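Asker: Encoded as structure tokens, here's the structure I'll be asking about.
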Amino acid sequence: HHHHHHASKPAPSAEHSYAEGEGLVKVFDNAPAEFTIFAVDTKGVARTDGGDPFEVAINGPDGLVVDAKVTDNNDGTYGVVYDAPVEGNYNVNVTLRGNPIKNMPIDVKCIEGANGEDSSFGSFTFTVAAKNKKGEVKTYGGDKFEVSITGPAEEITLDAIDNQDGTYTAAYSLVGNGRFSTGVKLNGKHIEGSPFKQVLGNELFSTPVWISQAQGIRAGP
């Protein structure tokens with residue numbers, strides 16, 4: 001950050017420096033997560049340069065701990081990157097000189113991106129080929145579900161890790177045993193067979209140009 005000298009700078013206030021992503025912590029099995037540290041000193045005016053002695057520390061379950069990458073932005077702020085090694089909680093702990101800040105410290109569960117968020121976790125399935133829900137083969141058959149909500153899909157929410165792999169969701173229900181005769185064809189021909197128009201009519205309908213005289217009878221007079 002600073003280069004027109006090196007001899008004197010203020011040490012930030014842990015009373016006033018603090019930290020944000022954009023909202024609150026969210027951390028994944030399949031990616032790191034990031035946040036930023038804003039720096040402020042004795043009267044609440046931001047830091048006028050950088051390279052202050054911050055630290056970030058990322059704890060998991062039992063006895064797991066990893067030191068996180070602070071980096072100075074050249075502006076009075078710092079970028080930080082971190083990860084959650086276990087499908088479980090991680091914990092995020094931030095320090096200035098030897099002192100805490102706010103927003104941090106904080107705990108955060110580790111999940112596969114959006115897989116199993118709201119409301120896509122509640123997505124319809126037969127229990128088929130496995131102890132719960134779908135089987136792990138893409139095409140386990142001819143239909144993803146059989147429906148228990150009423151109305152058309154204009155009014156039914158879809159929410160998925162992908163719109164061709166996931167399916168609709170709903171959390172509303174009455175007391176009963178309702179259904180409609182449908183789902184989402186996974187494979188195979190929707191309504192089976194072929195359409196056709198009726199013929200009415202058959203032969204014959206046409207007759208002789210006259211009915212012939214079979215005899216004359218009358219003999220010699």
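In the structure tokens, chains take the letters A, B, ... in the order shown, each chain's residues start at 1, and ligands count up from 1 in the order shown.
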So which residues touch range 31-46 of chain A within 10 Å, counting only C-alpha atoms, skipping near sequence neighbours fewer than 6 positions away, as an MDAnalysis selection string?

Answerer: chainID A and resid 10:25 52 54 69:73 75:85 94 96 101 110:113

Asker: Pull the strand (DSSP E) assignments for range 77-217 of chain A out of DSSP run on the backbone, and list those residues as a list in words.

Answerer: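 DSSP on the backbone gives strand (DSSP E) at residues 77, 78, 79, 80, 81, 82, 89, 90, 91, 92, 93, 94, 95, 96, 106, 107, 108, 109, 110, 111, 157, 158, 159, 167, 168 and 169 of chain A.
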
Asker: Show me, as an mmCIF file with C-alpha atoms, in the first residue's frame, the residues that have an atom within 12 Å of range 157-161 of chain A when counting only C-alpha atoms, minus same-chain residues fewer than 4 positions from it.

Answerer:
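See result-v7.cif below for the written result:
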data_model
loop_
_atom_site.group_PDB
_atom_site.id
_atom_site.type_symbol
_atom_site.label_atom_id
_atom_site.label_comp_id
_atom_site.auth_asym_id
_atom_site.auth_seq_id
_atom_site.Cartn_x
_atom_site.Cartn_y
_atom_site.Cartn_z
ATOM 1 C CA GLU A 112 -22.429 -29.259 -2.281
ATOM 2 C CA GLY A 113 -23.041 -25.844 -3.844
ATOM 3 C CA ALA A 114 -26.821 -25.556 -4.113
ATOM 4 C CA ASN A 115 -27.487 -29.316 -3.932
ATOM 5 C CA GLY A 116 -30.003 -29.826 -1.097
ATOM 6 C CA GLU A 117 -30.969 -26.170 -0.595
ATOM 7 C CA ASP A 118 -34.540 -24.861 -0.092
ATOM 8 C CA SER A 119 -36.935 -25.596 -1.821
ATOM 9 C CA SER A 120 -35.237 -28.100 -4.193
ATOM 10 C CA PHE A 121 -34.573 -30.548 -1.294
ATOM 11 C CA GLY A 122 -38.304 -31.076 -1.153
ATOM 12 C CA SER A 123 -38.563 -32.262 -4.797
ATOM 13 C CA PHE A 124 -40.935 -35.106 -5.787
ATOM 14 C CA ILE A 149 -50.373 -31.561 -5.396
ATOM 15 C CA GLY A 151 -53.420 -27.644 -10.183
ATOM 16 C CA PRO A 152 -51.140 -27.115 -13.216
ATOM 17 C CA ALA A 153 -47.401 -26.471 -13.193
ATOM 18 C CA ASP A 165 -32.190 -33.478 -13.437
ATOM 19 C CA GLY A 166 -34.239 -32.030 -10.497
ATOM 20 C CA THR A 167 -38.035 -31.434 -10.511
ATOM 21 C CA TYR A 168 -40.838 -29.481 -8.812
ATOM 22 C CA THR A 169 -41.494 -28.901 -5.099
ATOM 23 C CA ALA A 170 -44.327 -28.154 -2.652
ATOM 24 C CA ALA A 171 -44.833 -28.058 1.094
ATOM 25 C CA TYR A 172 -48.622 -27.605 1.307
#

Asker: Name the residues in contact with residue 146 in chain A at a cut-off of 9 Å, using only C-alpha atoms, excluding same-chain residues fewer than 3 positions from it; report them as a PDB file with C-alpha atoms, in the first residue's frame.

Answerer:
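Contents of result_31.pdb, as written:
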ATOM      1  CA  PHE A 124     -40.935 -35.106  -5.787  1.00  0.00           C
ATOM      2  CA  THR A 125     -39.785 -38.703  -6.299  1.00  0.00           C
ATOM      3  CA  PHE A 126     -40.948 -42.199  -6.094  1.00  0.00           C
ATOM      4  CA  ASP A 143     -41.368 -41.167 -14.702  1.00  0.00           C
ATOM      5  CA  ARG A 179     -53.498 -37.649  -6.478  1.00  0.00           C
ATOM      6  CA  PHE A 180     -53.600 -36.779 -10.171  1.00  0.00           C
ATOM      7  CA  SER A 181     -52.688 -39.387 -12.936  1.00  0.00           C
ATOM      8  CA  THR A 182     -49.334 -37.847 -13.912  1.00  0.00           C
ATOM      9  CA  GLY A 183     -45.670 -36.795 -13.211  1.00  0.00           C
ATOM     10  CA  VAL A 184     -42.706 -35.993 -15.497  1.00  0.00           C
TER      11      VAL A 184
END

Asker: Could you write out, as an MDAnalysis selection string, all the residues of range 21-194 of chain A that DSSP marks as helix (DSSP H, G or I)?

Answerer: chainID A and resid 120:122 153:155

Asker: If you keep N, CA and C atoms, can you produce a file of those selected residues as an mmCIF file, in the first residue's frame?

Answerer:
data_model
loop_
_atom_site.group_PDB
_atom_site.id
_atom_site.type_symbol
_atom_site.label_atom_id
_atom_site.label_comp_id
_atom_site.auth_asym_id
_atom_site.auth_seq_id
_atom_site.Cartn_x
_atom_site.Cartn_y
_atom_site.Cartn_z
ATOM 1 N N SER A 120 -35.584 -26.942 -3.391
ATOM 2 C CA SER A 120 -35.237 -28.100 -4.193
ATOM 3 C C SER A 120 -34.949 -29.421 -3.495
ATOM 4 N N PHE A 121 -34.708 -29.413 -2.182
ATOM 5 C CA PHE A 121 -34.573 -30.548 -1.294
ATOM 6 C C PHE A 121 -35.905 -31.254 -1.093
ATOM 7 N N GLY A 122 -36.984 -30.516 -1.366
ATOM 8 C CA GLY A 122 -38.304 -31.076 -1.153
ATOM 9 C C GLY A 122 -38.959 -31.623 -2.412
ATOM 10 N N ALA A 153 -48.753 -26.843 -13.561
ATOM 11 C CA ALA A 153 -47.401 -26.471 -13.193
ATOM 12 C C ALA A 153 -47.025 -24.999 -13.295
ATOM 13 N N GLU A 154 -47.869 -24.193 -13.946
ATOM 14 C CA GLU A 154 -47.833 -22.749 -13.848
ATOM 15 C C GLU A 154 -47.807 -22.322 -12.386
ATOM 16 N N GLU A 155 -48.577 -22.992 -11.525
ATOM 17 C CA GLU A 155 -48.661 -22.665 -10.115
ATOM 18 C C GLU A 155 -47.839 -23.576 -9.213
#

Asker: To one decimal place, how far is CA of residue 130 in chain A from CA of residue 144 in chain A in Å?

Answerer: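 Computing the Euclidean distance for CA of residue 130 in chain A and CA of residue 144 in chain A yields 13.9 Å.
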
Asker: Taking only C-alpha atoms into account, name the residue in A:29, A:4, A:142, A:136 that is nearest to residue 191 in chain A.

Answerer: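 The closest residue to residue 191 in chain A is A:142.
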
Asker: Neighbouring residues of residue 95 in chain A were defined as those with any atom within 6 Å, considering only C-alpha atoms; residues of the same chain fewer than 3 positions away were excluded. Please report them as a list in words.

Answerer: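 Once the adjacent positions are removed, what remains is residues 54, 55, 99 and 100 of chain A.
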
Asker: Measure the distance from CA of residue 28 in chain A to CA of residue 103 in chain A in Å and round it to one decimal.

Answerer: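 It comes out at 19.1 Å.
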
Asker: So what do you get for CA of residue 58 in chain A versus CA of residue 97 in chain A, distance-wise?

Answerer: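 Rounded to one decimal, the two atoms are 17.2 Å apart.
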
Asker: At a cut-off of 10 Å, using only C-alpha atoms, what residues contact residue 65 in chain A? Leave out same-chain residues fewer than 6 positions from it and give the result as a count of residues only.

Answerer: 5
